[PDB]
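Same protein, same chain, two forms; see structure 1 and structure 2 below, as structure tokens.
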Structure 1
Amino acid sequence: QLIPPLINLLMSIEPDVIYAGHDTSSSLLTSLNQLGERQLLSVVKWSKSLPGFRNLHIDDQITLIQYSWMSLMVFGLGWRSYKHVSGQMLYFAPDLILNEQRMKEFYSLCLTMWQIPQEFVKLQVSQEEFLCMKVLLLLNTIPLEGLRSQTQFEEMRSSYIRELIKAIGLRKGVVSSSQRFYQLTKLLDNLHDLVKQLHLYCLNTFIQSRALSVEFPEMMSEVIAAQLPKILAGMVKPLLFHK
């Protein structure tokens, strides 16, 4: 068993393929919102089997899923684009793949999201590294006052940091593996800035949804309404690997 047990578990609990259910701006945005609803459901289900997560206070579980909703979607988009289209298209779902031609306005945000699959291609991120990084992304922001289950949270983060180091070790050399840890963790740090612009665009679109004729499903609407205003206002503590 060359592949470490926890990485193998993460492989098995990965979501199955998620379809958007999918051509104008409002219809494209509505289809992306419909995908976002299904992605949110899949993340909550995933979190139920994620080792360590269910042992956190339920308030912290909800908070962490809501905080990391956008980040986990765009990180998953990065993987699928990388895997299916060599990072040269945005593979939101099998029934929703976007190239330049299908971006007209929104295009600017698509270009910034596009930076992630490009870094995956550049770094040649392995599935084992991706799966550990994904868990760290879920645990990458906390409230200003911390979590109720802070001690449990810290231990879990450390466990998946240690697992990421194992993941890197699968493919030699103390200097190189140390350099690769910096690169992958700096990628995660850099996502905070990218997701800020995605959060802002989302909240703006949510506010103007009636005028734009864009439907926002109920579960993802609650995340947007409940959390994005205070996240954008800076009422959370982003965690960073590098100061």
Structure 2
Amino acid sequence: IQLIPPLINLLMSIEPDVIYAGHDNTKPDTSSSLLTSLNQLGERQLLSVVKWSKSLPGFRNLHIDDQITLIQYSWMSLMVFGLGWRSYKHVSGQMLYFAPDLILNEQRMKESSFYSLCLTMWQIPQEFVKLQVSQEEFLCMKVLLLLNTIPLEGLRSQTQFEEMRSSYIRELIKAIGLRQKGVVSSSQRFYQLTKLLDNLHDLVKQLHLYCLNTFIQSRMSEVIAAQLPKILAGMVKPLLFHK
């Protein structure tokens, strides 16, 4: 386990820098101020995800249309996954670490106005704690999330996409092989980690539904039409590791 594989070290090196929400924690929370900070933090993280993708081996070789499609389909999962990692890493998964300046502990969640959403997102960090996910496993898993959903008709650079996905799958195995020595144990951990990824498909639509309803509550038939493919099943093709 000593030496970390080059590709994994590369992934760590391209991890975006800390992103701040720009939230003023010296003032009492309000439903509006917290929603405002999340949207601001969200846009910043999105641009960060796009930048990150540009340094990911194999990504820029895909048709630009596939690149756009993949980011569109996975930004929510990537963000909730990163949130889970920060929460697990910095606060033992005991609270939601959206940013250094936006951390919601249990009490803060209960009074945020979106407590149910908090409990759902909290599921990821809690699972990270149980599994004790390593930084190496995390980095490989995150790339797989970016490559976990495609159009029903597939992509333009389909073969290239599949080889890119297959490579990071192999890399996840190396990551696991670092602490898991044994063919039965390493195999079992692969199932656990990838099963966790399969389970995110359902969770992600929950987040998109909450996003839409938060929008509706601020203000249509057209906006709702463009969001359904993100909350409804059968509109895209999730790539499951297990039946």
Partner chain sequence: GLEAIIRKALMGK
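For clarity, a rigid core is taken as the largest C-alpha set superposing within 1.5 Å between two forms. When a residue number appears, read it as a position in the sequence of structure 1, where counting begins at 1. Only residues modelled in both forms are compared.
Undergrad: Just one question: which structure is the form deposited without its partner chain?
TA: Of the two, structure 1 is the form deposited without its partner chain.
Undergrad: Following rigid core alignment, is the displacement of the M11 C-alpha between the two structures equal to or greater than 2 angstroms?
TA: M11: C-alpha displaced by less than 2 Å between the two structures.
Undergrad: Core-aligned, what does the C-alpha of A225 shift between the two structures, expressed in angstrom?
TA: Taking the core as reference, the C-alpha of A225 is shifted 8.6 Å.
Undergrad: I need the CA movement of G234 between the two structures once the rigid core is aligned, reported in Å.
TA: Once the two forms are fitted on their core, the shift reads 3.4 Å.
Undergrad: For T205, tell me the Cα shift between the two structures once the rigid core is superposed, in Å to one decimal.
TA: Here the C-alpha difference is 1.8 Å.
Undergrad: Looking only at residues found in both forms, which runs of 3 or more have C-alpha shifts of at least 2 Å between the two structures after a core fit?
TA: After superposing the rigid core, the shifted stretches between the two structures are 103-105, 206-210, 220-234.
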